[PDB]
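Here the Cβ positions follow ideal geometry from the backbone for every residue, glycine too, while neighbour counts run over all protein chains shown. None of the figures in this text is laboratory data; all of them are computed from the coordinates on show.
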Amino acid sequence: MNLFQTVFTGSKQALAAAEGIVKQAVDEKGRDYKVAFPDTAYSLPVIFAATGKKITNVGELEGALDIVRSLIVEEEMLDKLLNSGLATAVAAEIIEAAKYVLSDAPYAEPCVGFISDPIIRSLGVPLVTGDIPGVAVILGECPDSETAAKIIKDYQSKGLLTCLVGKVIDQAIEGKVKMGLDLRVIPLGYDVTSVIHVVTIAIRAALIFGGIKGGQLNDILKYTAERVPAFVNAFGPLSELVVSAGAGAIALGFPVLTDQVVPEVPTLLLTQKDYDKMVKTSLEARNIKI
Amino acid sequence: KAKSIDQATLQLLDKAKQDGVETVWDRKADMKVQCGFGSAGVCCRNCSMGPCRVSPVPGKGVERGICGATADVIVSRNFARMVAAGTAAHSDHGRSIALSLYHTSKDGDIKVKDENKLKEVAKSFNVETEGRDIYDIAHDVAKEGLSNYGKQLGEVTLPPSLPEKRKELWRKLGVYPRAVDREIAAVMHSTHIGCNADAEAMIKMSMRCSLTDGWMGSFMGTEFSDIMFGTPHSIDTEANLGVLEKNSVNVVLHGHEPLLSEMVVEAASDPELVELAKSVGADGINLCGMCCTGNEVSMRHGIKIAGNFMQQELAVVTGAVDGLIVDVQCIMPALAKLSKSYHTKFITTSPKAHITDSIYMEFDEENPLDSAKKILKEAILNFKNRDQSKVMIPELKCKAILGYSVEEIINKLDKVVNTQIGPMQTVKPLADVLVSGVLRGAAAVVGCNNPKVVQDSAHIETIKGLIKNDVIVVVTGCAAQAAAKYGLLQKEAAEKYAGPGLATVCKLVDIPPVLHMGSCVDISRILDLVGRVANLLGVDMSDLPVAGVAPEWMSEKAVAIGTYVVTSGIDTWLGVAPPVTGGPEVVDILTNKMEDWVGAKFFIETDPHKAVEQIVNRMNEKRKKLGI
Ligand code: SF4
């Protein structure tokens with residue numbers, strides 16, 4: 001299975017999970033039931049950026065699966081791969097929205113789940129200033145808790161805002177990593193779809209700071225690529241869904257670095273086994289100056 | 001039918017009609033319906049019992065020549081002789097280059113300009129370098145290269161980029177190369193009356209001969225030219241007939257051998273010659289190149305390219321060419337007649353290529369610079385005979401970027417290498433983009449023009465289709481010059497013609513979507529590149545999604561090139577049918593059975609859009625075989 005086929009398989013799995021969870025939400029709560037994220041002004045940010053539509057009820061959430069379906073075209077060309085990554089991102093957002101409408105408190109501490117607009121505005125000032133020179137999106141599991149803690153604290157000591165997805169949260173807790181918004185170590189959630197909660201940070205950064213109106217998807221992608229200094233460090237074995245989510249990160253212009261053997265793409269998808277050089281490799285790949 | 005897609009070509013054809021001079025198009029029209037027997041390859045003249053012609057349609061008419069040779073035998077022998085002639089042309093070019101290398105000296109006209117390249121080549125030839133004088137090394141390297149041409153005992157020396165698997169496959173098949181002249185002689189011997197009358201064996205002998213061109217003759221010529229005249233790097237130039245200057249002396253270098261054109265370029269900066277050009281009433285000296293010698297001087301110095309093969313006559317039709325200096329190969333003899341209608345001095349310089357009624361000034365290899373200065377002085381003095389009322393230079397020229405040797409490509413690829421990962425100075429970024437599928441493949445577009453095809457149409461259509469399908473294109477020779485004239489050799493072309501993956505790659509690496517890798521002998525560079533990629537991936541060259549295209553080929557050299565490209569394991573599309581349709585067995589060998597032998601085969605397709613589609617499908621199926 002080559003890179004394109006891996007991304008397409010991951011996007012289809014994300015679509016299947018989104019369809020299942022949306023069906024569950026439709027069964028339990030009804031199509032008139034409200035759909036929203038806590039304290040946001042852009043409804044579902046990824047769908048709002050891609051199309052301009054605001055998802056307000058469960059029926060519209062079910063109708064948002066058509067966006068995911070239309071973004072998956074299985075032809076081995078780079079544009080289709082980027083669109084398939086975006087389909088995975090939209091599907092992950094739909095899954096998170098369904099989680100919020102199904103459970104009153106989908107995320108428990110230390111996971112924070114969705115990040116509200118006021119937090120985005122608070123982080124915007126140090127973002128453009130340079131006190132936050134980048135965003136380290138750490139996903140998966142490191143071979144040890146010690147190495148995960150070392151990498152996370154290396155990013156933290158450099159001022160980067162690091163977000164954690166997956167078992168790396170538990171490894172960092174075992175590694176005595178101090179977490180919080182002021183400590184710049186944000187645990188999003190144990191599921192892969194929780195990575196969308198940092199993706200919407202970039203998307204809304206284009207909506208708030210950039211002033212790009214909703215539906216101008218190419219302008220949003222250009223803004224995230226040229227303004228948001230985010231990158232992905234994917235540790236541990238990578239499923240097709242993880243690779244598809246990484247394709248979404250690449251579609252947003254965010255390079256993906258991993259310790260796994262993957263079909264490398266220069267400046268976009270890079271393998272770095274040496275955990276002692278992963279921080280420097282990511283800073284170089286994202287062109288970050290400390 | 002239109003004669004060309006190039007507007008400057010069309011304006012000069014109108015001028016040639018107004019001037020009452022004949023062109024290659026006019027002679028093609030005069031030839032009318034060409035002989036069917038010769039077109040199918042079923043005519044034989046190998047002995048004076050003939051001429052013999054057998055039916056191109058099996059089961060009808062005369063079946064055998066007088067000696068009993070079948071249509072397949074006649075076709076296979078004719079094809080083999082074309083391969084032998086092409087191999088001879090390329091090998092003679094490389095032999096001259098090696099002899100020039102052998103005569104290099106510190107204080108002479110010919111020096112060593114790339115010592116690192118010479119040391120790497122010496123490593124490839126098992127020549128010691130440590131603690132040695134550079135010219136002693138150069139002479140030893142030249143001796144080894146010369147031995148490759150005529151050794152009768154032992155094995156020849158092949159470049160390290162050639163995969164071990166490909167060599168083992170050649171040895172098992174029986175096509176492993178011997179000395180170049182020996183293989184040419186073997187082909188000529190086996191086509192003699194009453195020798196080889198088996199099509200498969202004949203084709204295998206021709207493949208064996210073509211390998212000595214691709215991997216020994218052209219390769220050594222290219223690498224020694226780099227050693228003596230400098231490795232090409234990315235450089236700007238201008239292309240098409242508009243580069244001629246009305247108010248300057250115009251000196252057009254046509255042919256293939258680079259030593260003469262290098263010495264002419266050096267002589268053009270001589271203060272006495274510049275002063276002489278001023279004194280004859282010209283603003284200066286304007287050197288322009290055509291065909292492969294133009295490609296060489298343009299790759300290494302940015303000399304403007306006046307035009308490719310079927311434009312050579314039109315260069316004279318402008319009435320502005322004060323001197324036309326030619327060495328060997330692809331020099332239309334009609335130029336001698338044509339220059340009578342203008343003031344142009346048509347100067348032959350090589351004992352290998354005498355042309356009747358041209359001015360012969362033998363280029364002296366013993367004193368190359370002085371000889372080049374004398375020839376250039378004749379061209380400059382001819383400026384006084386210019387008739388400015390007969391001058392018409394089209395205001396049509398195009399910016400081009402070239403100089404993409406393998407070394408230059410590797411240097412460009414270093415830009416997209418993460419320093420914390422590495423390694424540097426490899427083809428690894430290219431291998432990565434090919435394996436990931438961001439690039440679907442790489443295609444080489446090579447070859448001449450041919451009056452049978454609208455000039456430059458097939459080259460341009462094939463190149464645009466390939467780059468639109470995210471296939472990166474490397475170009476050589478007259479195809480490269482067609483791309484230069486059209487405007488494809490530009491960074492802007494990436495966003496104008498390329499597909500998404502290739503546009504992203506071009507933006508990241510800062511290269512045009514079409515890479516000009518030099519002259520016809522520089523096709524060896526392409527081989528080198530492919531080999532490196534294969535050696536990096538641990539596979540044979542037949543496992544890669546690569547292809548070669550000759551949309552508008554005419555020469556025996558093109559036949560030899562396609563043969564050795566296929567024998568190396570690279571599928572080749574021919575835009576002009578070779579004279580083999582009369583032999584069904586030969587057609588079946590070249591287009592079907594060759595894949596069993598060397599993993600690649602010929603594709604005959606005269607429609608460029610269909611050729612692009614077939615190339616994409618073949619690359620995709622090879623990718624699926626490879627798992628990428
Ligand atoms: S070699 Fe045979 S087929 Fe050819 S001309 Fe002589 S007799 Fe005829």
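Take every Cα pair under 8 Å in chain B that's 6+ residues apart, average their separations, divide by the length, and report that relative contact order as a whole percent. Intermediate values should be presented prior to the final figure.
On the way: 1322 pairs, mean separation 110.1, N = 628.
Dividing the mean separation by the residue count of chain B yields 18 percent.
Using the Cα centre as the reference, give the magnitude of the dipole from point charges on the C-beta atoms of region A:4-119 (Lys, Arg: +1; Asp, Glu: -1; all else neutral), rounded to the nearest 20 debye.
Values: 10 positive and 17 negative charges, 30 e Å.
In debye, rounded to 20, region A:4-119 gives about 140.
How much mean residue ellipticity at 222 nm does chain B get from its helices, if each DSSP H run of length 4 or more adds -39500 (n - 2.57) and you divide by all residues, to the nearest 500 deg cm²/dmol?
Values: 27 runs with 298 residues, N = 628.
The helix-only estimate for chain B comes to -14500 deg cm²/dmol at 222 nm.
For region A:207-290, what are Rg and Dmax over the alpha carbons, in angstrom?
13.8, 42
Grab the DSSP H runs of chain A that are 4 residues or longer, score each as -39,500 (n - 2.57), total them, divide by all residues and round the 222 nm result to the nearest 500 deg cm²/dmol.
Values: 12 runs with 148 residues, N = 290.
-16000 deg cm²/dmol, from helical runs alone.
How much of the DSSP bridge set in chain B is antiparallel, in percent, rounded to the nearest 5?
Working: 7 of 48 bridges.
The antiparallel proportion sits near 15 percent.
Restricting to bridges with both residues inside the protein assembly as shown, how much of the DSSP beta-bridge set is antiparallel, in percent to the nearest 5?
Details: 10 of 72 bridges.
Around 15 percent antiparallel, to the nearest 5.
Compare the Cα positions of B:576, A:199, B:400 along the charge dipole of the protein assembly as shown (+1 at Cβ of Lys, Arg; -1 at Cβ of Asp, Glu; about the Cα centre) and return the one farthest towards the positive end.
Farthest along the dipole direction, towards plus: B:576.
When the dipole is taken about the Cα centre of region A:117-286, and only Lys, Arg (+1) and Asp, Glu (-1) are charged at their Cβ, what size is it in debye, to the nearest 20?
Details: 16 positive and 18 negative charges, 106 e Å.
Charge dipole, region A:117-286, about its Cα centre: 500 debye, nearest 20.
With Rg and the Kirkwood Rh both taken from Cα atoms, where does Rg over Rh land for region A:3-102?
On the way: Rg = 13.4 Å, Rh = 13.5 Å.
Here the Rg-to-Rh quotient is 0.99.
From zero up to wherever the largest Cα-Cα distance of chain B sits, split into 10 Å bins and tell me the percent of pairs in each.
All Cα pairs considered, the percentages come to 3, 17, 27, 27, 19, 6, 1, 0.
Residue farthest toward the positive end of the dipole of chain B, with Cβ of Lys/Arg at +1 and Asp/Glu at -1: which of B:211, B:603, B:449?
My answer, from the dipole projection, is B:603.
Convex hull over the Cα atoms of region B:531-628, averaged projected area in nm²? Please list the in-between numbers first.
Details: hull surface 25.6 nm².
Projected over every direction and averaged, the Cα hull of region B:531-628 covers 6.4 nm².
Go through region A:48-118 and name the GluC sites (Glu not before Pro) that are in a DSSP coil and have 16 or fewer other Cβ atoms within 10 Å of their Cβ.
Values: sites: A:60, A:62, A:74, A:75, A:76, A:93, A:96; in loops: A:74, A:75, A:76.
Here the sparse-neighbourhood loop sites are A:74, A:75.
Write down the Kirkwood hydrodynamic radius of region A:117-286, to one decimal in angstroms, obtained as one divided by the mean of 1/r over all alpha carbon pairs. Don't skip to the answer; put the middle values down first.
Values: mean 1/r = 0.0630 Å⁻¹.
Hydrodynamic radius (Kirkwood, Cα only) of region A:117-286 equals 15.9 Å.
Across the protein assembly as shown, what fraction of all alpha-carbon pairs, as a whole percent, falls in each successive 20 Å bin from zero upward?
Reading upward from the zero bin: 14, 38, 29, 17, 3, 0.
Would you kindly give the portion of the calculated P(r) for region B:57-148 that falls above 18 Å, as a percent of all Cα pairs? Show your work: numbers first, answer last.
Numbers: 2525 of 4186 pairs.
The proportion of pairs with Cα distances above 18 Å equals 60 percent.
Quick one: Kirkwood hydrodynamic radius for chain A, alpha-carbon pairs, angstrom, one decimal? Provide the component values of the computation, followed by the final result.
Details: mean 1/r = 0.0533 Å⁻¹.
Value: 18.7 Å, from the Cα pair sum.
Considering only B:388, B:437, B:40, whose Cα is most displaced toward the positive end of the charge dipole of chain B, charges sitting on Cβ of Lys, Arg (+1) and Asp, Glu (-1)?
B:40
Can you sort B:615, B:235 so the residue with the fewest Cβ neighbours within 10 Å comes first?
Details: B:615 27, B:235 18.
In order of increasing Cβ crowding within 10 Å: B:235, B:615.
Take the Cα gyration tensor of region B:401-528, multiply each eigenvalue by 5, square-root it, and list the three semi-axes largest first, rounded to whole angstrom.
On the way: eigenvalues 130, 49, 27 Å².
The three semi-axes for region B:401-528 are 25, 16, 12 Å.
Label-point separation (nm) for residue B:107 and residue A:74, each offset 7 Å from Cα along Cα-to-Cβ?
It works out to 7.5 nm between the two label points.
Over all residues in A:118-130, what is the mean tally of Cβ atoms on other chains that come within 10 Å of each residue's Cβ? Walk me through the numbers before you get to the answer.
Working: counts 0, 0, 0, 0, 0, 0, 0, 0, 0, 0, 0, 0, 0.
Mean partner-chain Cβ count within 10 Å for A:118-130: 0.
If you rank A:219, B:456, B:213 by fewest surrounding Cβ atoms within 10 Å, what's the result? Numbers along the way, then the final one.
Working: A:219 15, B:456 26, B:213 33.
Ranked by crowding around the Cβ, least crowded first: A:219, B:456, B:213.
Kindly work out what percent of the DSSP beta bridges joining two residues of region A:117-286 are antiparallel, to the nearest 5.
Values: 2 of 23 bridges.
Of all bridge pairs located within region A:117-286, approximately 10 percent are antiparallel.
When only C-alpha pairs under 8 Å and at least 6 residues apart count, what is the relative contact order of chain A, in percent? Let's see the in-between values first.
Working: 545 pairs, mean separation 64.4, N = 290.
Contact order relative to length: 22 percent.
What list do you get for B:485, B:601 if you sort them by fewest beta carbons within 10 Å? Each step should come with its number before you reach the end.
Values: B:485 31, B:601 18.
Ordered from fewest to most neighbouring Cβ atoms within 10 Å, B:485, B:601 come out as B:601, B:485.
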